[PDB]
Amino acid sequence: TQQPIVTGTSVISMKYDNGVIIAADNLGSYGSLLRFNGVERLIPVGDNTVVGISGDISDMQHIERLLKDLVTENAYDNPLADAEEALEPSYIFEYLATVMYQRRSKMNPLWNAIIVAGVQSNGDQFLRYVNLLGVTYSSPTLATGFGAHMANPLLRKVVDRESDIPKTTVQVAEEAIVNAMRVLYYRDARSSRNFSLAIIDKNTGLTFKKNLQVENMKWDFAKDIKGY
Amino acid sequence: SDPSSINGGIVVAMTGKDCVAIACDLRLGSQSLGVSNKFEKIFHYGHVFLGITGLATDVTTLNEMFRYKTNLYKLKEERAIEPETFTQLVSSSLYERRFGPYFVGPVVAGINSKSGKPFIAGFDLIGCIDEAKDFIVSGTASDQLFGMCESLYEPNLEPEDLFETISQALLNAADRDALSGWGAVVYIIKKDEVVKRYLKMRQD
Amino acid sequence: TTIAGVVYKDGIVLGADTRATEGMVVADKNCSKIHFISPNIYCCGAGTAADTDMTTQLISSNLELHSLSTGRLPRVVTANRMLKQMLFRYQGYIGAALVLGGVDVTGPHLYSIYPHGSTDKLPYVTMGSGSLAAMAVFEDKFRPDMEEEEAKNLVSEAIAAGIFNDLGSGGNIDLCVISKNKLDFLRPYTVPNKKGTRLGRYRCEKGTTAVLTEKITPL
Amino acid sequence: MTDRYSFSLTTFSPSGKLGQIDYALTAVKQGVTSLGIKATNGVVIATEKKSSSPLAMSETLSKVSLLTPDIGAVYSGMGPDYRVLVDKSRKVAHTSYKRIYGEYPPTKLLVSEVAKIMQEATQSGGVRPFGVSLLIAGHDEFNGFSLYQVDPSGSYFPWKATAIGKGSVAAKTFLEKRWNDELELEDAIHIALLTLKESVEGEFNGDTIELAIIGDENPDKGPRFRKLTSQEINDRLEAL
Amino acid sequence: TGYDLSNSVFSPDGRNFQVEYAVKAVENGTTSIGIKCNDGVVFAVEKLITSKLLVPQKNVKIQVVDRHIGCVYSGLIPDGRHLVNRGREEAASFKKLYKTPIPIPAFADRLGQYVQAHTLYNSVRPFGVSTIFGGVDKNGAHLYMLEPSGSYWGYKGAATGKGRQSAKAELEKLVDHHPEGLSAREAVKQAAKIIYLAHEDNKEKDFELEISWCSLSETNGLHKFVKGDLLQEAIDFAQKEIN
Amino acid sequence: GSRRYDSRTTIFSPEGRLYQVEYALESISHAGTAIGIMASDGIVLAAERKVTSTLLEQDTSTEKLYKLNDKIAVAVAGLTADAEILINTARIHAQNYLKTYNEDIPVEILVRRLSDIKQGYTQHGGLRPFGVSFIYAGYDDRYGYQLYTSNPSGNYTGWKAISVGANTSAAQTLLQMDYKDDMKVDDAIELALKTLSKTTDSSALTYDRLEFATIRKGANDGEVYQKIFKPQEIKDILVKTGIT
Amino acid sequence: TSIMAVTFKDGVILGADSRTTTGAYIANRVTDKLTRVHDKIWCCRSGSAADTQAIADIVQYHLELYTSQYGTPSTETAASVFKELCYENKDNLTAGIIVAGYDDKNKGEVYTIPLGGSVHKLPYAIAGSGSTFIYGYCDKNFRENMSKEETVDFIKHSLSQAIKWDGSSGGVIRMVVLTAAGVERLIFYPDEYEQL
Amino acid sequence: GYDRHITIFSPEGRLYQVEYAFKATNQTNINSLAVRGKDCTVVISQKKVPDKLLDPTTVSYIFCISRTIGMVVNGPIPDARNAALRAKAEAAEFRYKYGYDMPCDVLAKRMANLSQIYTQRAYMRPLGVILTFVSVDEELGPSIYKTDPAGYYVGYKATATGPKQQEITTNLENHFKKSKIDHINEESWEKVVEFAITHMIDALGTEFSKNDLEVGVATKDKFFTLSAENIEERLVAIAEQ
Ligand SMILES: *[C@@H](CS(C)(=O)=O)[C@H](Cc1ccc(CN)cc1)NC(=O)[C@H](CO)NC(=O)[C@H](CC(C)C)NC(=O)[C@H](Cc1ccccc1)N=[N+]=[N-]
Ligand SMILES: [Mg+2]
Ligand SMILES: [Mg+2]
Ligand SMILES: [Mg+2]
Ligand SMILES: [Mg+2]
Ligand SMILES: [Mg+2]
């Protein structure tokens with residue numbers, strides 16, 4: 034048993050016709066203090082997987098090292114480490130899910146909520162969630178913490194069921210994700226303007242975008258507010 | 002449920018001119034209920050006397066433990082343990098149980114057989130030695146004993162005088178404590194004779 | 044308890060009161076609180092009295108074995124480390140609050156050690172319930188590089204402040220002066236209070252106590 | 001790595017001999033002469049500082065060791081084996097005695113503890129006996145002055161005077177003639193220096209001889235153990 | 006005598022005959038080499054084709070430790086794998102505590118101390134391999150060779166196995182002819198040549214060549230296997246020199 | 002591995018004997034003789050010190066006779082260092098019994114436990130046995146005065162009179178000859194000394210080569226006293242019986 | 020406590036106040052919170068005195084043993100050893116440590132390690148109870164690649180304000196300058212800094 | 011005769027495995043020498059690099075144990091490095107536990123005590139090495155202490171180790187007979203290094219290039235080894251006198 038000290042907020046994500054998109058802001062909060070403004074919370078594993086992490090940042094950095102160490106270990110005595118026997122999103126997730134559940138079962142959890150986004154060998158979209166309790170689930174859209182309440186409602190209007198995934202292009206999906214990140218910045222007190230976004234496509238591969246910003250901000254209506 | 006005041010009891014020791022005295026009450030109770038009026042709290046290992054107040058199971062256990070340890074001592078050393086040495090053994094043994102202590106208030110008394118010097122000492126439950134020229138007190142009427150001894154005591158008392166002083170200290174202290182009394186024993190100790198007297202006291 | 048120490052020109056002056064208490068009751072009026080660690084290092088003790096005695100005795104024993112092996116006088120930094128590391132491991136449950144002072148090959152050193160395993164290295168320190176009274180005297184009158192008889196007087200004055208103004212402290216004033224050329228263990232240094240004189244003789248005459256039975260055994 | 005030597009390396013032979021103990025005693029025989037003499041008011045122990053090289057600083061190598069303030073030790077046989085026994089002897093004097101009783105052990109009991117350690121090397125798994133004989137001199141309040149010998153077996157005996165190692169047979173005879181029950185400490189030092197001169201081949205002076213006493217307190231007590239200086243030995247060699 | 010029946014026993018010479026006997030197992034193994042170059046190291050090994058039935062390219066013998074170190078060995082192959090597994094554990098615990106990847110000299114002593122430990126007790130057997138290993142760290146390139154005794158040194162070039170003397174002679178010519186240095190791509194070609202030349206001492210069965218390298222410029226300081234076009238080019242260079 | 006150097010201290014011979022026990026007994030047969038004699042009003046323990054030197058401190062010495070508690074003593078034959086390990090174990094065992102039951106340990110119980118320790122060293126652990134034979138002399142309120150012996154096998158037996166160590170064959174014949182059941186302590190003292198005097202490998206039996214002890218009820222009323230004889234007292238008792 | 024470390028052109032400077040308290044009593048007014056774990060790797064200590072002292076001692080031991088085998092450790096390596104101790108013992112520690120060091124390759128580097136045992140590499144770092152009061156000031160006044168004199172002034176002005184508002188901070192301002200030139204110790208007294 | 015295979019006594023009271031470990035000491039065929047100045051302690055050792063394929067910079071038998079203590083080894087490198095890693099660990103722990111730098115003689119005693127254990131315990135072989143420790147101790151001043159496979163140790167005015175050790179030893183003895191003092195009466199370490207090399211040249215009867223030698227120097231608060239060019243500078247100075 035501990036308590037989380039330095040923390041990250043929402044990770045959001047969705048599927049689209051050819052792959053998946055995932056995003057998270059670059060803030061490390063220390064309670065109400067917005068302490069660290071340059072924290073990367075999307076961590077790529079190979080060229081087919083991105084792990085997005087929220088919650089305790091010290092525990093995130095621990096998980097980052099476990100993944101880095103997983104890549105090293107998979108390369109050992111493996112001539113096909115960059116081909117048929119490369120790490121899959123499903124392998125990386127199952128490992129983390131095993132760890133998370135083991136740790137909760139020893140009453141010493143890793144204080145995080147994690148989304149593993151990627152594309153598999155056969156072109157299939159992979160998107161799955163795991164948290165400090167070892168609870169897992171998949172859905173066309175996934176979001177952690179605050180994003181579950183605000184991002185999912187917006188993202189589900191683009192992909193409401195499985196049959197909407199082939200109908201959703203990468204442009205429509207990325208717009209929706211960037212739009213959701215704006216809404217979260219207005220309304221989440223422990224979020225920041227600066228964020229990272231990652232697309233994993235079956236054709237164009239892994240595209241990792243840094244130093245994005247929330248823009249097109251509606252504040253004009255604020256001048257007309259007089260008292261309560 | 003305060004372990005040091007479940008059973009009750011008191012011990013006091015004094016020094017005199019070439020002598021020492023150690024006294025104790027005889028009560029053993031269970032809170033309000035008086036159970037035994039024969040429970041002596043003073044034991045000896047050769048010429049070294051040890052009185053123990055507090056939780057009665059620990060009083061008994063510690064007596065048995067120091068008998069064990071002084072018996073082995075005598076076999077290996079080929080001589081009786083002296084008061085100064087025994088005092089150190091008591092301290093070591095109590096501090097060995099620092100975070101799970103015996104709930105006791107031990108008092109050492111005796112005359113060093115080599116030097117002829119009267120010696121007394123007291124301990125807290127955790128082993129801290131309290132040495133004194135004059136008197137050591139212990140038990141549920143320790144406050145009362147402190148007051149009696151501080152006003153009645155004078156140095157270099159003859160064995161017969163010292164008996165009167167220590168007895169009056171114990172009796173009047175015991176009668177102001179609900180959990181002490183029910184009989185009393187005084188040991189007068191000289192260089193090579195020991196006199197044990199039972200005192201008449203009120204039985205309420 | 045009031046314990047204190049200062050670094051003076053030639054070395055170290057430690058100080059302590061002599062009152063041992065059992066709650067509100069004084070159990071010993073002339074109790075020794077300055078402990079021997081090694082021939083050149085002494086340790087004043089406050090907090091839990093058993094913890095203080097047993098911690099200084101253990102580290103004094105281990106330093107003796109260390110010194111026999113190395114064939115040279117022990118240092119204050121090693122006394123400091125051994126006390127510190129032990130007290131830290133027990134997370135404050137050993138309630139030893141020490142003023143450690145001595146003179147090395149590297150010169151005089153003075154430390155304050157706390158129950159949780161923190162140490163401060165200082166030119167003057169005070170500990171125990173009377174630390175504030177004593178520290179007031181040091182903040183008033185301390186200067187670096189004092190002469191011996193001046194430093195003696197300052198520590199004595201700081202212990203006195205504790206004796207009179209703190210109820211937990213009392214009795215005599217013990218000093219320990221440590222330099223390269225000597226060790227002066229002054230017990231007692233001062234008797235600031237006379238023992239109260241009693242006006243009556245309350246001792247009972249012989250035969251006054253009521254006896255039931257008697258038994259005599261020779262040795 | 002498994003320490004698989006859980007069995008005794010010292011066993012009884014058909015004749016009833018414990019080979020490794022006898023062989024350890026042979027190693028003691030090859031070692032340099034050391035002796036001990038007991039006076040009325042003190043004890044003396046002595047040995048030759050056999051320097052392995054003249055470049056070596058023989059002051060650094062102490063054959064005569066302080067165990068407690070009132071107890072000293074000297075040996076004959078294997079030096080490294082002695083050094084670890086002195087370390088354990090010093091430690092056991094604190095752990096199993098001083099931390100319990102608040103005083104140093106008497107000579108006979110510290111001897112008994114060393115003897116025990118040496119016995120265990122004679123019976124425990126995967127070890128050889130110690131290749132040393134010790135001479136332990138000491139004082140305590142209730143037993144007075146005493147001198148003890150300790151062998152590789154773990155057996156120990158008290159002595160008025162004795163010797164061990166190289167020239168021990170000759171040295172013991174020399175002591176039998178000179179020793180009486182009315183010797184002062186100075187007389188015993190004089191006899192120790194005479195006895196030791198016989199077994200020494202080369203240089204015989206304060207730099208090649210190591211000699212210590214258990215005597216009066218040197219200013230709670232002062233220590234009775236005192237190691238004689240190079241000068242103090244040379245002074246007594248002029249009145250020899 | 007009997008001094009050679011138990012590991013860790015000194016003979017009257019002051020030798021550990023069991024270690025010397027492990028060296029015989031190494032001498033019996035196939036040839037492996039290491040060439041230190043300008044900004045890195047190159048490793049090569051002879052793989053004897055026992056049968057047509059061995060799948061080509063698919064019994065890999067060179068092993069990576071961490072991401073920057075390569076290891077190759079001659080002798081008892083399983084013993085070498087045991088040593089690399091330990092190397093991987095040692096490298097992992099270094100990176101865990103100190104963050105930076107293990108320096109090559111540091112890594113060399115980790116293997117050295119471990120191999121030396123297997124000469125200290127009679128309850129273990131010495132390693133039946135000599136191991137050539139190295140890589141690139143903050144201080145540049147390092148090449149090492151480690152023997153059953155635990156002995157290791159830094160090398161300009163290294164060789165062990167059945168063709169070690171042939172390979173050593175060929176290595177010594179490179180050191181003399183290139184005092185300024187050899188390039189990484191050159192060293193790959195030379196490694197091929199030397200394995201082909203050292204194959205004369207094992208010429209009943211024909212063989213398969215395997216090469217790897219770490220180079221600050223050519224592989225970005227990481228260990229990579231030489232495959233495809235670069236391998237066939239190195240093979241062709243070697244074939245031209247034997248004729 | 003280490004199998005090569007294992008003596009196998011806990012195996013049987015083809016004849017069903019324990020090598021190491023037999024060889025330990027052979028060792029003990031060269032140790033100084035010790036005699037125990039049980040009388041109706043007490044027990045005598047007498048033992049011969051191993052070839053003495055004139056410079057040995059005789060008064061502050063203990064080699065053969067050891068006190069286990071106030072009611073039990075032992076005479077030793079064998080390795081002294083081995084005996085002291087066992088003696089301390091026995092001393093502790095007595096005190097455990099006293100702490101548990103508030104009664105002094107019955108002699109047989111102590112003897113059985115010490116003998117059981119010895120047995121263990123012959124069945125498991127691969128260590129050499131203890132090269133020691135004990136004579137136990139003691140008193141308890143169940144059986145009164147008792148003599149026992151134990152040896153490296155861990156076998157023990159009870160006796161009216163017995164010897165251990167050197168020349169036991171000759172010593173036992175002599176004891177068997179002059180012992181009778183109604184004997185007193187002072188007669189047993191004389192028998193013990195006379196037996197040692199005839200079986201000794203020395204020229205003549207003197208005070209300085211002997212240890213002597215009695216366990217009598219010759220204290221004051223119904224209680225037992227242990228008397229470990231001082232050098233002068235052995236000198237006097239040796240004159241009183243006309244050996245010197 | 021008010022502590023900070025600031026990178027600049029020639030290396031890095033560490034700064035700290037000298038006040039240690041038990042509640043509102045000042046147990047030590049002349050404390051040294053800037054401690055050496057290697058020749059040119061130092062740390063600022065905040066939180067429990069006993070915890071930070073015990074950690075710093077263990078780190079100094081680790082880096083001494085590192086040096087014996089592998090030569091001079093990087094500042095990153097020192098920070099990693101601090102992190103490892105802080106993270107794995109988070110439940111039993113109250114330690115906020117800033118690690119600062121000078122390499123010749125990497126120049127000046129600052130790593131901060133808050134309560135959870137996370138690691139953050141920054142141009143400058145502030146910590147301790149007094150840091151809260153100077154976030155605004157420090158963000159407005161920090162520039163990269165300052166001179167030695169500018170960085171000394173930046174730290175002096177910053178800790179001056181932290182001390183002014185925080186009751187848990189005070190006494191002297193100690194500083195340690197880490198450059199290629201060596202190690203310099205600076206002290207600034209109340210009569211100077213209070214009237215800035 | 012299994013008493014020659016493990017560390018138990020022979021009938022003549024000898025330990026053959028200890029004796030044979032002493033013979034392993036000379037297996038490298040290298041000679042070392044140590045001397046003391048006023049302010050310093052200098053140690054020098056022969057450096058033989060037979061193979062042209064070796065990286066000569068990695069061939070060393072001198073180790074920097076702590077900041078203050080240096081150690082030269084006579085014996086095979088695997089055992090030498092085993093001894094070095096332990097000494098480093100021991101000296102680091104000492105400093106952590108006791109708050110001051112491990113003295114040279116105390117480390118020597120500790121390593122000698124470890125060596126002793128291998129001569130008494132059967133499962134551990136002795137290391138076939140002789141360890142020479144050097145420092146300028148803050149209490150005892152310039153110090154040389156030496157450890158062997160028997161577990162023996164002693165301080166030295168000066169010393170030598172290796173196959174041709176007796177020649178070097180007598181050469182040094184004869185100098186200290188002449189000078190009448192315990193050390194080299196010299197201000198700078200540079201000239202004490204020059205003395206060490208000069209007296210090694212005379213005793214061995216060989217000349218040295220810069221790559222034939224290895225030099226460690228202990229001063230107050232640091233021990234350091236010399237580069238090939240530092241030694242070359244030193245060789246030039248001897249030749250020009
Ligand atoms: C003053 C320290 S203070 C009051 O400022 O905290 C002294 C210091 C001192 C006195 C004597 C010695 C002896 N060498 C060393 C240091 N401390 C005391 O007087 C303490 C008060 O806290 N007294 C004790 O510890 C006493 C010892 C007396 C018998 C003499 N012991 C107790 O009071 C115990 C404490 C205790 C420990 C564990 C669990 C419960 C209670 N009480 N009882 N019982
Ligand atoms: Mg009443
Ligand atoms: Mg009533
Ligand atoms: Mg804590
Ligand atoms: Mg303030
Ligand atoms: Mg061995």
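Chains as they are written, first to last, in UniProt numbering: chain A, 34 to 261; chain B, 2 to 205; chain C, 44 to 262; chain D, 1 to 219, 230 to 250; chain E, 6 to 248; chain F, 2 to 245; chain G, 20 to 215; chain H, 11 to 251. Every residue, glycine too, gets a C-beta built ideally from N, C-alpha and C.
**Message:** Using DSSP's beta-bridge definition, name the partner residues of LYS29/D.
**Reply:** Position 29 of the fourth sequence, counting from 1, holds the residue named residue 29/D. Looking at the DSSP assignment, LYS29/D forms no beta bridge with any residue, so it has no partner.
**Item:** ligand 1 heavy atom lying under 8 Å from the CB of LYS134/B
**Value:** By 1-based counting over the second sequence, the position of residue 134/B is 133. It does not: the Cβ of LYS134/B is nowhere closer than 8 Å to a heavy atom of ligand 1.
**Asked** How many angstroms separate the CA atom of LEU242/C from the CA atom of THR251/C?
**Response** Here the question's residue 242/C lines up with position 199 in the third sequence. Here the question's residue 251/C lines up with position 208 in the third sequence. Rounded to the nearest angstrom, the two C-alpha atoms are 22 Å apart.
**Asked** Enumerated in chain order, which unbroken segments of the beta strand (DSSP E) with a length of 3 residues or greater are wholly contained in the region 122-148 of chain H?
**Response** 140-147
**Request:** Buried or exposed for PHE241/A, please, with buried defined as at least 16 other CB atoms from any protein chain shown within 10 angstroms of its CB.
**Result:** Stepping through the first sequence from its first residue, residue 241/A is reached at position 208. Counting Cβ neighbours within 10 Å, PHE241/A comes out exposed, since fewer than 16 surround it.
**Asked** Residues of chain F with a CB under 8 Å from the CB of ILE16/H: which are they?
**Response** Counting from 1 along the eighth sequence, the entry for residue 16/H is found at position 6. Going along chain F in sequence order, the residues near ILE16/H (Cβ under 8 Å) are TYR6.
**Message:** With a threshold of 9 Å between beta carbons, is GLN134/C in contact with chain D?
**Reply:** Along the third sequence, one-based indexing puts residue 134/C at 91. For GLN134/C, the answer is no, since every Cβ of chain D falls outside 9 Å of its Cβ.
**Asked** Within 9 Å (strictly less), CB to CB, does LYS100/F reach chain B?
**Response** As a working mapping, residue 100/F is identified with position 99 in the sixth sequence. Among the residues facing chain B, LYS100/F is included, as its CB has a counterpart in that chain under 9 Å away.
**Message:** Rounding to the nearest angstrom, what Cα-Cα distance links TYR156/G and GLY42/G in this structure?
**Reply:** In the seventh sequence, residue 156/G corresponds to position 137, counting from 1. In the seventh sequence, residue 42/G corresponds to position 23, counting from 1. Using only the alpha carbons, I get a separation of about 27 Å.
**Any non-hydrogen atom of ligand 3 closer than 8 Å to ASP60/F Cβ** = In the sixth sequence, the residue the question calls residue 60/F occupies position 59. It does not: the Cβ of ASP60/F is nowhere closer than 8 Å to a heavy atom of ligand 3.
**Request:** Mind reading off the beta-carbon distance from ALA56/A to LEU175/A? Whole number of angstroms is fine, and I expect it under 8 Å.
**Result:** Position 23 of the first sequence, counted from the start, is the residue given in the question as residue 56/A. Position 142 of the first sequence, counted from the start, is the residue given in the question as residue 175/A. With a Cβ gap of about 11 Å, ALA56/A and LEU175/A do not count as contacting.
**Request:** Using only the heavy atoms of ligand 1, determine whether one of them is closer than 8 Å to the beta carbon of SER137/G.
**Result:** Counting from 1 along the seventh sequence, the entry for residue 137/G is found at position 118. No, Cβ of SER137/G sits at least 8 Å from all heavy atoms of ligand 1.
**Prompt:** Taking the DSSP output, what are the residues bridged to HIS45/B?
**Reply:** Walking along the second sequence from the start, residue 45/B turns up at place 44. Here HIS45/B is bridged, per DSSP, to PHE50/B.
**Item:** Nearest-angstrom Cα separation, counted from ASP222/F out to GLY79/F
**Value:** Translated into the one-based positions of the sixth sequence, residue 79/F becomes position 78. Translated into the one-based positions of the sixth sequence, residue 222/F becomes position 221. Straight-line Cα distance between these residues: approximately 37 Å.
**Message:** Taking the beta carbon of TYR8/E as the centre, do at least 16 other beta carbons fall within 10 Å, making it buried, or is it exposed?
**Reply:** By 1-based counting over the fifth sequence, the position of residue 8/E is 3. By the 10 Å Cβ count, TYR8/E comes out buried.
**Asked** Would the C-beta of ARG230/C count as close to ligand 7, meaning under 8 Å from any of its heavy atoms?
**Response** This structure lacks ligand 7; its bound ligands are ligand 1, ligand 2, ligand 3, ligand 4, ligand 5 and ligand 6.
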